[PDB]
$ cat protein04.tsv   # TSV, N, CA and C atoms
chain	number	residue	atom	x	y	z
O	4	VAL	N	-20.08	17.71	-2.40
O	4	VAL	CA	-18.67	17.35	-2.75
O	4	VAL	C	-18.68	16.35	-3.90
O	5	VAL	N	-17.56	16.15	-4.55
O	5	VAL	CA	-17.54	15.18	-5.68
O	5	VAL	C	-17.80	13.77	-5.12
O	6	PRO	N	-18.64	12.97	-5.74
O	6	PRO	CA	-18.94	11.61	-5.24
O	6	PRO	C	-17.79	10.63	-5.47
O	7	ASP	N	-16.70	11.09	-5.99
O	7	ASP	CA	-15.57	10.14	-6.22
O	7	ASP	C	-14.85	9.85	-4.89
O	8	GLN	N	-15.21	10.53	-3.83
O	8	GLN	CA	-14.55	10.27	-2.51
O	8	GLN	C	-15.18	9.02	-1.88
O	9	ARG	N	-16.41	9.14	-1.48
O	9	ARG	CA	-17.13	7.99	-0.87
O	9	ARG	C	-17.00	6.75	-1.76
O	10	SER	N	-17.04	6.93	-3.05
O	10	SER	CA	-16.97	5.76	-3.97
O	10	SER	C	-15.67	4.98	-3.83
O	11	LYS	N	-14.53	5.63	-3.85
O	11	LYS	CA	-13.27	4.85	-3.73
O	11	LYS	C	-13.23	4.17	-2.37
O	12	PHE	N	-13.59	4.88	-1.33
O	12	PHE	CA	-13.55	4.27	0.03
O	12	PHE	C	-14.50	3.07	0.14
O	13	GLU	N	-15.70	3.15	-0.38
O	13	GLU	CA	-16.63	1.99	-0.22
O	13	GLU	C	-16.27	0.80	-1.14
O	14	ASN	N	-15.63	1.03	-2.27
O	14	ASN	CA	-15.33	-0.12	-3.20
O	14	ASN	C	-13.85	-0.55	-3.15
O	15	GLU	N	-12.94	0.28	-2.69
O	15	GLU	CA	-11.51	-0.16	-2.66
O	15	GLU	C	-11.26	-1.09	-1.45
O	16	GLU	N	-10.90	-2.32	-1.72
O	16	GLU	CA	-10.63	-3.32	-0.63
O	16	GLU	C	-9.26	-3.05	0.01
O	17	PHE	N	-8.49	-2.19	-0.56
O	17	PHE	CA	-7.13	-1.92	-0.01
O	17	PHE	C	-7.18	-1.61	1.50
O	18	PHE	N	-8.32	-1.29	2.05
O	18	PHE	CA	-8.34	-0.97	3.51
O	18	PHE	C	-8.27	-2.27	4.31
O	19	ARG	N	-9.21	-3.14	4.12
O	19	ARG	CA	-9.17	-4.42	4.87
O	19	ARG	C	-7.90	-5.21	4.53
O	20	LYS	N	-7.48	-5.23	3.29
O	20	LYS	CA	-6.26	-6.02	2.93
O	20	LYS	C	-5.02	-5.55	3.69
O	21	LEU	N	-4.90	-4.28	3.99
O	21	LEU	CA	-3.68	-3.81	4.72
O	21	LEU	C	-4.05	-2.85	5.85
O	22	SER	N	-5.10	-2.08	5.71
O	22	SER	CA	-5.47	-1.16	6.82
O	22	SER	C	-6.18	-1.97	7.91
O	23	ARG	N	-5.48	-2.88	8.52
O	23	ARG	CA	-6.09	-3.74	9.59
O	23	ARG	C	-5.02	-3.98	10.67
O	24	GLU	N	-5.34	-4.69	11.73
O	24	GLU	CA	-4.30	-4.95	12.79
O	24	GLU	C	-3.15	-5.77	12.16
O	25	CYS	N	-1.96	-5.21	12.07
O	25	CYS	CA	-0.81	-5.97	11.47
O	25	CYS	C	0.44	-5.84	12.36
O	26	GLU	N	1.31	-6.82	12.32
O	26	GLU	CA	2.56	-6.75	13.13
O	26	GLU	C	3.42	-5.60	12.59
O	27	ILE	N	4.11	-4.88	13.45
O	27	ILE	CA	4.96	-3.74	12.96
O	27	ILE	C	6.29	-3.69	13.69
O	28	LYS	N	7.28	-3.11	13.05
O	28	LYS	CA	8.60	-2.99	13.70
O	28	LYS	C	9.28	-1.71	13.24
O	29	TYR	N	10.00	-1.10	14.14
O	29	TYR	CA	10.72	0.17	13.82
O	29	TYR	C	11.92	-0.12	12.91
O	30	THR	N	12.25	0.78	12.02
O	30	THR	CA	13.42	0.54	11.12
O	30	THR	C	14.72	0.87	11.87
O	31	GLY	N	15.58	-0.11	12.03
O	31	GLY	CA	16.86	0.13	12.75
O	31	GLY	C	17.83	-1.03	12.46
O	32	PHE	N	19.02	-0.98	13.01
O	32	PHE	CA	20.01	-2.07	12.76
O	32	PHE	C	19.81	-3.22	13.76
O	33	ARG	N	18.92	-4.14	13.48
O	33	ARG	CA	18.72	-5.29	14.42
O	33	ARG	C	20.05	-6.03	14.64
O	34	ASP	N	20.97	-5.94	13.71
O	34	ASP	CA	22.28	-6.63	13.88
O	34	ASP	C	23.11	-5.85	14.89
O	35	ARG	N	22.58	-4.74	15.34
O	35	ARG	CA	23.28	-3.94	16.37
O	35	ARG	C	22.84	-4.53	17.71
O	36	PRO	N	23.75	-4.91	18.58
O	36	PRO	CA	23.38	-5.50	19.88
O	36	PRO	C	22.10	-4.89	20.46
O	37	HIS	N	21.48	-5.57	21.38
O	37	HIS	CA	20.22	-5.05	22.01
O	37	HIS	C	20.40	-3.58	22.40
O	38	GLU	N	21.61	-3.11	22.38
O	38	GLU	CA	21.88	-1.68	22.74
O	38	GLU	C	21.09	-0.73	21.85
O	39	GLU	N	20.57	-1.19	20.75
O	39	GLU	CA	19.78	-0.28	19.89
O	39	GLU	C	18.44	0.01	20.56
O	40	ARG	N	17.96	-0.87	21.40
O	40	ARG	CA	16.63	-0.62	22.00
O	40	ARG	C	16.64	0.73	22.72
O	41	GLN	N	17.62	1.00	23.52
O	41	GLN	CA	17.63	2.33	24.21
O	41	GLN	C	18.19	3.42	23.29
O	42	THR	N	19.37	3.23	22.77
O	42	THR	CA	19.98	4.28	21.92
O	42	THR	C	19.11	4.57	20.69
O	43	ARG	N	18.55	3.57	20.07
O	43	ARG	CA	17.71	3.85	18.88
O	43	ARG	C	16.46	4.62	19.32
O	44	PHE	N	15.89	4.27	20.45
O	44	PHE	CA	14.67	4.97	20.91
O	44	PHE	C	14.96	6.45	21.20
O	45	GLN	N	15.98	6.74	21.95
O	45	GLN	CA	16.28	8.17	22.26
O	45	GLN	C	16.79	8.91	21.02
O	46	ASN	N	17.78	8.37	20.35
O	46	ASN	CA	18.34	9.07	19.15
O	46	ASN	C	17.27	9.21	18.06
O	47	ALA	N	16.33	8.29	18.02
O	47	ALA	CA	15.25	8.38	16.99
O	47	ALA	C	14.17	9.28	17.53
O	48	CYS	N	14.03	9.32	18.82
O	48	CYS	CA	13.01	10.20	19.40
O	48	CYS	C	13.34	11.67	19.10
O	49	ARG	N	14.59	12.07	19.18
O	49	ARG	CA	14.91	13.50	18.86
O	49	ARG	C	14.49	13.75	17.41
O	50	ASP	N	14.80	12.83	16.53
O	50	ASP	CA	14.34	12.97	15.13
O	50	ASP	C	13.05	12.17	15.05
O	51	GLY	N	11.97	12.81	15.36
O	51	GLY	CA	10.64	12.13	15.38
O	51	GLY	C	10.27	11.65	13.97
O	52	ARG	N	11.24	11.48	13.11
O	52	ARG	CA	10.95	10.99	11.74
O	52	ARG	C	11.17	9.48	11.77
O	53	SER	N	10.20	8.77	12.26
O	53	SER	CA	10.33	7.29	12.38
O	53	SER	C	10.00	6.59	11.05
O	54	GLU	N	10.76	5.59	10.70
O	54	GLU	CA	10.45	4.80	9.47
O	54	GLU	C	9.96	3.44	9.97
O	55	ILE	N	8.87	2.94	9.47
O	55	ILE	CA	8.37	1.62	9.98
O	55	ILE	C	7.63	0.89	8.89
O	56	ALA	N	7.57	-0.40	8.99
O	56	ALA	CA	6.87	-1.20	7.94
O	56	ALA	C	6.09	-2.36	8.56
O	57	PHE	N	5.23	-2.94	7.77
O	57	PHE	CA	4.42	-4.09	8.25
O	57	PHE	C	5.19	-5.38	7.96
O	58	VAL	N	5.42	-6.20	8.95
O	58	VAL	CA	6.16	-7.47	8.69
O	58	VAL	C	5.41	-8.32	7.66
O	59	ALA	N	4.11	-8.37	7.77
O	59	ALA	CA	3.30	-9.18	6.82
O	59	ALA	C	3.49	-8.69	5.37
O	60	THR	N	3.58	-7.39	5.18
O	60	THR	CA	3.71	-6.82	3.79
O	60	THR	C	5.03	-6.05	3.63
O	61	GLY	N	5.61	-6.07	2.46
O	61	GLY	CA	6.88	-5.31	2.24
O	61	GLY	C	6.55	-3.82	2.17
O	62	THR	N	5.32	-3.46	2.44
O	62	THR	CA	4.94	-2.02	2.40
O	62	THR	C	5.66	-1.30	3.51
O	63	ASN	N	6.00	-0.05	3.30
O	63	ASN	CA	6.69	0.72	4.37
O	63	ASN	C	6.09	2.14	4.42
O	64	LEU	N	5.87	2.66	5.61
O	64	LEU	CA	5.28	4.04	5.73
O	64	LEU	C	6.18	4.93	6.60
O	65	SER	N	6.52	6.08	6.10
O	65	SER	CA	7.36	7.03	6.89
O	65	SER	C	6.42	8.04	7.54
O	66	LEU	N	6.72	8.51	8.72
O	66	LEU	CA	5.79	9.48	9.38
O	66	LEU	C	6.57	10.42	10.32
O	67	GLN	N	5.98	11.55	10.67
O	67	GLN	CA	6.70	12.52	11.56
O	67	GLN	C	5.71	13.12	12.59
O	68	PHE	N	5.93	12.86	13.85
O	68	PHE	CA	5.02	13.42	14.92
O	68	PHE	C	5.57	14.74	15.47
O	69	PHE	N	6.63	14.68	16.25
O	69	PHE	CA	7.23	15.94	16.83
O	69	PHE	C	8.75	15.79	16.91
O	70	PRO	N	9.43	15.99	15.81
O	70	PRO	CA	10.90	15.86	15.77
O	70	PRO	C	11.58	17.14	16.25
O	71	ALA	N	12.69	17.02	16.91
O	71	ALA	CA	13.39	18.24	17.40
O	71	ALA	C	13.62	19.20	16.24
O	72	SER	N	14.20	18.73	15.17
O	72	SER	CA	14.45	19.63	14.00
O	72	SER	C	15.15	18.86	12.89
O	73	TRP	N	15.03	19.33	11.67
O	73	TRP	CA	15.72	18.64	10.54
O	73	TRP	C	17.16	19.18	10.45
O	74	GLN	N	17.34	20.32	9.84
O	74	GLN	CA	18.71	20.89	9.70
O	74	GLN	C	19.00	21.85	10.85
O	75	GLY	N	18.10	21.97	11.79
O	75	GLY	CA	18.33	22.92	12.92
O	75	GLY	C	19.59	22.55	13.72
O	76	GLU	N	20.23	23.54	14.29
O	76	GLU	CA	21.47	23.30	15.11
O	76	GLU	C	21.09	23.28	16.60
O	77	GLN	N	19.86	22.96	16.92
O	77	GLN	CA	19.41	22.93	18.35
O	77	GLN	C	20.24	21.93	19.16
O	78	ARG	N	19.70	21.49	20.26
O	78	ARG	CA	20.41	20.55	21.17
O	78	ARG	C	19.96	19.10	20.89
O	79	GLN	N	20.76	18.17	21.32
O	79	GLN	CA	20.46	16.72	21.09
O	79	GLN	C	19.45	16.23	22.13
O	80	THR	N	18.65	17.11	22.65
O	80	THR	CA	17.65	16.70	23.66
O	80	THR	C	16.51	15.96	22.94
O	81	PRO	N	15.98	14.90	23.52
O	81	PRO	CA	14.89	14.08	22.87
O	81	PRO	C	13.51	14.75	22.88
O	82	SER	N	12.50	14.03	22.45
O	82	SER	CA	11.13	14.59	22.47
O	82	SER	C	10.53	14.29	23.83
O	83	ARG	N	10.22	15.30	24.57
O	83	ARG	CA	9.64	15.06	25.91
O	83	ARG	C	8.36	14.23	25.75
O	84	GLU	N	7.62	14.48	24.70
O	84	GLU	CA	6.36	13.73	24.47
O	84	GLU	C	6.65	12.23	24.37
O	85	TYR	N	7.81	11.86	23.90
O	85	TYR	CA	8.11	10.40	23.76
O	85	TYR	C	8.28	9.77	25.14
O	86	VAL	N	8.90	10.45	26.06
O	86	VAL	CA	9.09	9.86	27.42
O	86	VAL	C	7.90	10.18	28.31
O	87	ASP	N	6.88	10.83	27.80
O	87	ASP	CA	5.68	11.10	28.66
O	87	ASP	C	4.71	9.95	28.43
O	88	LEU	N	5.10	9.02	27.59
O	88	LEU	CA	4.25	7.83	27.30
O	88	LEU	C	5.11	6.59	27.48
O	89	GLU	N	6.38	6.79	27.70
O	89	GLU	CA	7.28	5.64	27.93
O	89	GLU	C	7.13	5.25	29.39
O	90	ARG	N	6.94	6.23	30.23
O	90	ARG	CA	6.77	5.97	31.69
O	90	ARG	C	5.41	5.30	31.94
O	91	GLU	N	4.46	5.47	31.05
O	91	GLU	CA	3.11	4.89	31.29
O	91	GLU	C	3.10	3.37	31.04
O	92	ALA	N	2.52	2.92	29.95
O	92	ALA	CA	2.45	1.45	29.68
O	92	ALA	C	3.84	0.86	29.63
O	93	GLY	N	4.85	1.67	29.70
O	93	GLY	CA	6.22	1.11	29.62
O	93	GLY	C	6.50	0.82	28.14
O	94	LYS	N	5.83	1.53	27.26
O	94	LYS	CA	6.04	1.30	25.80
O	94	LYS	C	6.11	2.66	25.10
O	95	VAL	N	6.68	2.73	23.92
O	95	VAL	CA	6.75	4.02	23.18
O	95	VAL	C	5.93	3.90	21.93
O	96	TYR	N	5.03	4.81	21.69
O	96	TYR	CA	4.21	4.70	20.46
O	96	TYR	C	3.90	6.08	19.88
O	97	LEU	N	3.51	6.10	18.64
O	97	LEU	CA	3.19	7.39	17.97
O	97	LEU	C	1.86	7.27	17.20
O	98	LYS	N	1.14	8.36	17.12
O	98	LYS	CA	-0.16	8.38	16.37
O	98	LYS	C	-0.22	9.66	15.53
O	99	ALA	N	-0.53	9.54	14.26
O	99	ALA	CA	-0.58	10.76	13.41
O	99	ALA	C	-1.49	10.53	12.20
O	100	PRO	N	-2.15	11.56	11.69
O	100	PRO	CA	-3.03	11.42	10.48
O	100	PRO	C	-2.25	11.69	9.17
O	101	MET	N	-1.88	10.67	8.43
O	101	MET	CA	-1.10	10.89	7.15
O	101	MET	C	-1.99	10.71	5.90
O	102	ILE	N	-1.86	11.58	4.91
O	102	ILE	CA	-2.68	11.44	3.67
O	102	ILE	C	-1.90	10.72	2.57
O	103	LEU	N	-2.56	9.81	1.91
O	103	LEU	CA	-1.94	9.08	0.77
O	103	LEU	C	-2.63	9.64	-0.46
O	104	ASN	N	-2.29	9.20	-1.63
O	104	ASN	CA	-2.97	9.77	-2.83
O	104	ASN	C	-4.45	9.43	-2.75
O	105	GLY	N	-5.13	10.06	-1.84
O	105	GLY	CA	-6.58	9.81	-1.66
O	105	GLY	C	-7.10	10.74	-0.55
O	106	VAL	N	-7.07	10.26	0.68
O	106	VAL	CA	-7.54	11.09	1.84
O	106	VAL	C	-6.76	10.68	3.10
O	107	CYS	N	-7.03	11.31	4.22
O	107	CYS	CA	-6.29	10.98	5.46
O	107	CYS	C	-6.73	9.65	6.06
O	108	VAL	N	-5.77	8.94	6.60
O	108	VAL	CA	-6.03	7.64	7.26
O	108	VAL	C	-5.31	7.73	8.61
O	109	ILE	N	-5.76	7.06	9.65
O	109	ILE	CA	-5.07	7.22	10.98
O	109	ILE	C	-4.03	6.11	11.21
O	110	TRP	N	-2.77	6.48	11.28
O	110	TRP	CA	-1.69	5.47	11.52
O	110	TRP	C	-1.22	5.60	12.97
O	111	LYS	N	-1.28	4.54	13.75
O	111	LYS	CA	-0.80	4.65	15.17
O	111	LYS	C	-0.23	3.32	15.65
O	112	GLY	N	1.00	3.09	15.31
O	112	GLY	CA	1.70	1.84	15.71
O	112	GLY	C	2.25	1.97	17.13
O	113	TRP	N	2.50	0.88	17.79
O	113	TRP	CA	3.11	0.95	19.15
O	113	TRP	C	4.13	-0.16	19.30
O	114	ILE	N	5.04	-0.01	20.22
O	114	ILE	CA	6.09	-1.04	20.43
O	114	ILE	C	6.59	-0.94	21.87
O	115	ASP	N	7.03	-2.02	22.44
O	115	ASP	CA	7.55	-1.95	23.83
O	115	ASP	C	8.96	-1.33	23.81
O	116	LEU	N	9.46	-0.97	24.95
O	116	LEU	CA	10.81	-0.32	25.03
O	116	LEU	C	11.91	-1.30	24.61
O	117	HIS	N	11.73	-2.60	24.81
O	117	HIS	CA	12.82	-3.56	24.44
O	117	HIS	C	12.57	-4.22	23.07
O	118	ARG	N	11.44	-4.88	22.86
O	118	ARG	CA	11.22	-5.53	21.53
O	118	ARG	C	10.49	-4.58	20.59
O	119	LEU	N	11.13	-4.19	19.52
O	119	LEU	CA	10.49	-3.26	18.56
O	119	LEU	C	9.75	-4.06	17.48
O	120	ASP	N	8.90	-4.97	17.88
O	120	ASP	CA	8.11	-5.80	16.90
O	120	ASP	C	6.66	-5.77	17.36
O	121	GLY	N	6.19	-4.61	17.69
O	121	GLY	CA	4.79	-4.45	18.20
O	121	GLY	C	3.74	-4.73	17.12
O	122	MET	N	2.62	-4.05	17.23
O	122	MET	CA	1.49	-4.21	16.27
O	122	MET	C	0.94	-2.82	15.98
O	123	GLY	N	0.33	-2.62	14.84
O	123	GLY	CA	-0.20	-1.26	14.54
O	123	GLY	C	-1.41	-1.34	13.62
O	124	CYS	N	-2.55	-0.97	14.12
O	124	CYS	CA	-3.79	-1.01	13.29
O	124	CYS	C	-3.88	0.25	12.45
O	125	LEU	N	-4.18	0.11	11.18
O	125	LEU	CA	-4.32	1.32	10.28
O	125	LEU	C	-5.72	1.30	9.70
O	126	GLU	N	-6.39	2.42	9.70
O	126	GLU	CA	-7.80	2.44	9.18
O	126	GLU	C	-8.22	3.81	8.62
O	127	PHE	N	-8.94	3.80	7.54
O	127	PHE	CA	-9.46	5.07	6.97
O	127	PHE	C	-10.70	5.49	7.78
O	128	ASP	N	-10.57	6.35	8.75
O	128	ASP	CA	-11.77	6.77	9.54
O	128	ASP	C	-11.62	8.22	10.02
O	129	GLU	N	-10.67	8.91	9.47
O	129	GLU	CA	-10.45	10.33	9.89
O	129	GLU	C	-11.64	11.25	9.49
O	130	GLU	N	-12.25	11.89	10.47
O	130	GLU	CA	-13.37	12.81	10.16
O	130	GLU	C	-12.80	13.94	9.28
O	131	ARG	N	-11.56	14.25	9.46
O	131	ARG	CA	-10.96	15.30	8.59
O	131	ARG	C	-10.87	14.73	7.18
O	132	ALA	N	-11.08	13.45	7.02
O	132	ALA	CA	-11.05	12.85	5.66
O	132	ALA	C	-12.23	13.33	4.86
O	133	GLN	N	-13.40	13.24	5.40
O	133	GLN	CA	-14.58	13.70	4.62
O	133	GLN	C	-14.48	15.21	4.31
O	134	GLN	N	-14.17	16.04	5.27
O	134	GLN	CA	-14.07	17.51	4.96
O	134	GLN	C	-12.76	17.85	4.23
O	135	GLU	N	-11.64	17.28	4.61
O	135	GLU	CA	-10.37	17.62	3.90
O	135	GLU	C	-10.45	17.17	2.45
O	136	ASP	N	-11.17	16.12	2.17
O	136	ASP	CA	-11.28	15.68	0.75
O	136	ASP	C	-11.94	16.81	-0.03
O	137	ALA	N	-12.97	17.38	0.52
O	137	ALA	CA	-13.64	18.51	-0.16
O	137	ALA	C	-12.65	19.68	-0.28
O	138	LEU	N	-11.95	19.98	0.78
O	138	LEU	CA	-10.96	21.11	0.77
O	138	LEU	C	-9.63	20.67	0.15
O	139	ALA	N	-9.51	19.43	-0.23
O	139	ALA	CA	-8.22	18.97	-0.82
O	139	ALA	C	-7.93	19.76	-2.11
O	140	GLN	N	-8.96	20.20	-2.79
O	140	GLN	CA	-8.76	20.95	-4.06
O	140	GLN	C	-8.28	22.36	-3.76
O	141	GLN	N	-7.46	22.90	-4.61
O	141	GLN	CA	-6.93	24.27	-4.39
O	141	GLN	C	-7.90	25.31	-4.95

$ encode --input "protein04.tsv" --output "structure tokens"
Amino acid sequence: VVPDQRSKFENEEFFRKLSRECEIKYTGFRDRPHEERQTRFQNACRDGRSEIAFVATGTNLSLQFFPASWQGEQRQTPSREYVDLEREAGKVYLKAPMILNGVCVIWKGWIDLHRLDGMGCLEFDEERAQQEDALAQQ
């Protein structure tokens, strides 16, 4: 494979500077009474298109795990997968492999059902990164 893959990963410090354990919070109207904790979780769960950012950095990452549908006229039913992990630790979290202008990195933030100011570690360690980088070319 082209050696420009391993090279950027071993010399780019951008991983430790931001791809590390950082505080995270879901994007929503905090000025909306605590009522957003439940309504935002369910209404956002149907649209699994969560927007979230790192409190430490103004950086923001958008991601999509299993959303009911974009323009679909389906039902307003939520993502069963979201409540199959809400009953467990009593928290709601998502994990997905997103690619940036480089290779795949694993993003998996978590937050409790009431305070949406959890933590989320981000790190370049996807095994699909080494092979997808090779197959990244058309």

$ residues_around --input "protein04.tsv" --residues "residue O:112" --least-positions-apart "6" --cutoff "8 Å" --atoms "only C-alpha atoms" --output "PyMOL selection string"
chain O and resi 27+96-98+121-124

$ closest_residue --input "protein04.tsv" --among "O:93, O:105, O:25, O:9" --to "residue O:120" --atoms "only N, CA and C atoms"
O:25

$ residues_around --input "protein04.tsv" --residues "stretch 52-59 of chain O" --least-positions-apart "5" --cutoff "6.5 Å" --atoms "all atoms listed in the file" --output "ChimeraX atom specification"
/O:25-30,47,64-70

$ closest_residue --input "protein04.tsv" --among "O:4, O:62, O:82, O:36" --to "residue O:49" --atoms "all atoms listed in the file"
O:82

$ select_by_dssp --input "protein04.tsv" --residues "chain O" --states "strand (DSSP E or B)" --output "VMD selection string"
chain O and resid 24 to 29 52 to 57 63 to 67 94 to 96 99 to 102 107 to 110 113 to 115 122 to 126

$ atom_distance --input "protein04.tsv" --atom1 "atom C of residue O:129" --atom2 "atom N of residue O:94"
26.7 Å

$ residues_around --input "protein04.tsv" --residues "residue O:22" --least-positions-apart "5" --cutoff "10 Å" --atoms "only C-alpha atoms" --output "list in words"
residues 16, 17, 108, 109, 110, 123, 124, 125, 126 and 127 of chain O

$ atom_distance --input "protein04.tsv" --atom1 "atom CA of residue O:50" --atom2 "atom CA of residue O:102"
20.6 Å

$ closest_residue --input "protein04.tsv" --among "O:21, O:88, O:101, O:116" --to "residue O:40" --atoms "all atoms listed in the file"
O:116

$ build_atoms --input "protein04.tsv" --residues "stretch 68-87 of chain O" --atoms "N, CA, C and O atoms" --output "compact mmCIF listing (two decimals), keeping the file's coordinate frame"
# COMPACT_ATOMS: atom_id res chain seq x y z
N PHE O 68 5.93 12.86 13.85
CA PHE O 68 5.02 13.42 14.92
C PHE O 68 5.57 14.74 15.47
O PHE O 68 5.06 15.80 15.20
N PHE O 69 6.63 14.68 16.25
CA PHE O 69 7.23 15.94 16.83
C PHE O 69 8.75 15.79 16.91
O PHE O 69 9.30 15.50 17.95
N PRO O 70 9.43 15.99 15.81
CA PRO O 70 10.90 15.86 15.77
C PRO O 70 11.58 17.14 16.25
O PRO O 70 11.09 18.23 16.03
N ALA O 71 12.69 17.02 16.91
CA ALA O 71 13.39 18.24 17.40
C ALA O 71 13.62 19.20 16.24
O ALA O 71 13.26 20.35 16.33
N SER O 72 14.20 18.73 15.17
CA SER O 72 14.45 19.63 14.00
C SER O 72 15.15 18.86 12.89
O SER O 72 15.82 17.87 13.12
N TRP O 73 15.03 19.33 11.67
CA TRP O 73 15.72 18.64 10.54
C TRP O 73 17.16 19.18 10.45
O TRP O 73 18.09 18.56 10.91
N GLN O 74 17.34 20.32 9.84
CA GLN O 74 18.71 20.89 9.70
C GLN O 74 19.00 21.85 10.85
O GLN O 74 20.03 22.51 10.88
N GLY O 75 18.10 21.97 11.79
CA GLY O 75 18.33 22.92 12.92
C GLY O 75 19.59 22.55 13.72
O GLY O 75 19.97 21.39 13.83
N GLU O 76 20.23 23.54 14.29
CA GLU O 76 21.47 23.30 15.11
C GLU O 76 21.09 23.28 16.60
O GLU O 76 21.91 23.56 17.46
N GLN O 77 19.86 22.96 16.92
CA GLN O 77 19.41 22.93 18.35
C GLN O 77 20.24 21.93 19.16
O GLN O 77 21.35 21.58 18.81
N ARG O 78 19.70 21.49 20.26
CA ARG O 78 20.41 20.55 21.17
C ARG O 78 19.96 19.10 20.89
O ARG O 78 18.93 18.85 20.30
N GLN O 79 20.76 18.17 21.32
CA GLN O 79 20.46 16.72 21.09
C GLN O 79 19.45 16.23 22.13
O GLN O 79 19.39 15.05 22.46
N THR O 80 18.65 17.11 22.65
CA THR O 80 17.65 16.70 23.66
C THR O 80 16.51 15.96 22.94
O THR O 80 16.13 16.33 21.85
N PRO O 81 15.98 14.90 23.52
CA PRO O 81 14.89 14.08 22.87
C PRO O 81 13.51 14.75 22.88
O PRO O 81 13.35 15.89 23.30
N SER O 82 12.50 14.03 22.45
CA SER O 82 11.13 14.59 22.47
C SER O 82 10.53 14.29 23.83
O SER O 82 10.36 13.15 24.21
N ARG O 83 10.22 15.30 24.57
CA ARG O 83 9.64 15.06 25.91
C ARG O 83 8.36 14.23 25.75
O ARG O 83 8.05 13.39 26.56
N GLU O 84 7.62 14.48 24.70
CA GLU O 84 6.36 13.73 24.47
C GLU O 84 6.65 12.23 24.37
O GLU O 84 5.81 11.42 24.67
N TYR O 85 7.81 11.86 23.90
CA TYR O 85 8.11 10.40 23.76
C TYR O 85 8.28 9.77 25.14
O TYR O 85 7.84 8.66 25.38
N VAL O 86 8.90 10.45 26.06
CA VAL O 86 9.09 9.86 27.42
C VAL O 86 7.90 10.18 28.31
O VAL O 86 7.87 9.79 29.46
N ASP O 87 6.88 10.83 27.80
CA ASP O 87 5.68 11.10 28.66
C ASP O 87 4.71 9.95 28.43
O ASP O 87 3.64 9.89 29.00
